[PDB]
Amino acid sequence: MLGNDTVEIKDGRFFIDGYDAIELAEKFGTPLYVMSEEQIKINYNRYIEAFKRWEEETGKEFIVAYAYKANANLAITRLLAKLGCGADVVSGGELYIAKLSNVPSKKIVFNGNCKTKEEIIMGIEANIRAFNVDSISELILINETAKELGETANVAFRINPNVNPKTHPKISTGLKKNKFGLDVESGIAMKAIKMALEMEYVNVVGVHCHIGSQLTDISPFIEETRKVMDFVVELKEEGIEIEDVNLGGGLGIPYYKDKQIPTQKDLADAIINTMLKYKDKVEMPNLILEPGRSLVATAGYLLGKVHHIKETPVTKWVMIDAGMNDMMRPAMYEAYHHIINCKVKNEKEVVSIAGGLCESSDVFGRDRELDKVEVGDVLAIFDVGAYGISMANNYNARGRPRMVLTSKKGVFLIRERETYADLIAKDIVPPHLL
């Protein structure tokens, strides 16, 4: 139950925000994503409560730029906008959704290693807080585009800080070998920022860093914060001031329910106490974080009805109508999600749970102890609010599923499912093939 603050078992049945899950499966059909509006408010409020100390002590702003890549469903993004949340967008599509969700432009940052001219025009016209520049090539394109529109673009720089490889080898290897960011150690990040200060159509406003995802140790974050701030000091020695420090996202969520993991409070104690060590060398900046998974993952549950039970010599398989095309995490990363029967039974058994796609990897969990499974039961797969519907697809010609939002106001359909007609709605047969 760790992290799933709004669900419960009442009278032998599973509930989400007070709504009977099996009844939700019955009214809306399966497979079905259920997103808890209150759980999202709780996750968001944990960040605000944990980090308000930043504004209290420095007088600067603290901004949560929700990472849209985790779930950009329009109702979810409008909910987050209404809570006062910002947006971390990585494409023109996400920027479009953020603006249609009414997220204030000064709370929008644009990340990405292949920003196109059209996307840059869009960000400049929307006057986003900043493009987090990934390369010198991007900086040049932004300054040239800003010049064409007769405007000045705000630019922050995504840097790859000099993380201690002895203490954090995996983080370090990622920063050096992946496609993102401006290497600090080799001098690239300083070269890019000095180039931008000589350009006439960009305005230098910050540095950004994002080190990884599903990190359940506070250590990598402390090291990221130290090395990012060390670079802010290096910039200050060159006479360069930084208005914003954006430390990215990556806080892990409790997929496994048996062990405690670091919370937003732990993250803030770590970040804030580290950044304040530098207050006599540089002015404290506005602080931005880009949580994705840690705002929405625990708010999502995927319900799948059992259509077949199959005993084999090695395992008892339970086949459900949810599948890897609906939620790709287990098939793609062999990632663990907690799974239960929505109905409490007086018998338990160990089974493996699979969807119906042709892919051997279309298995949601193996050797799981669940209350006795019968055809017609509804299973709930926990913690699918992030990289769930956002990576869903039509593999095996299956429509993407419906999604509902459970709220104190009622249960609302927030994503309609796709029909067989939708599967071919972008296909066009040429005359000689009619």
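A residue's number is simply how far along the shown sequence it sits, counting from 1.
Q: If you average the CA temperature factors as listed in the entry, which stretch comes out higher, 127-135 or 342-350?
A: Stretch with the higher mean C-alpha B-factor: 342-350.
Q: Name the higher of the two by mean Cα B-factor in the PDB entry, 200-208 versus 162-170.
A: Looking at the recorded C-alpha B-factors, 162-170 comes out higher on average.
Q: When the CA B-factors of 274, 264, 213, 219 are compared as recorded in the entry, which is the largest?
A: Of the options given, 219 has the highest CA B-factor in the PDB entry.
Q: Quiz for you: based on the deposited Cα B-factor, which of 334, 88, 224, 183 is highest?
A: It is 334.
Q: So where's residue 20 on the chain's Cα temperature factor ranking, which third?
A: CA B-factor rank for residue 20: highest third.
Q: Quick check for you: using the entry's CA B-factors within this chain, is residue 51 in the lowest, middle or highest third?
A: Residue 51: CA B-factor falls in the highest third of its chain.
Q: Please place residue 250 in the lowest, middle or highest third of its chain by C-alpha B factor as given in the entry.
A: Lowest third, going by the recorded CA B-factors of the chain.
Q: Test of reading the entry: by CA B factor among the chain's modelled residues, which third contains residue 5?
A: Middle third by C-alpha B-factor.
Q: Would you mind ranking residue 104 by its C-alpha B-factor against the rest of the chain and naming the third, lowest, middle or highest?
A: Residue 104: CA B-factor falls in the middle third of its chain.
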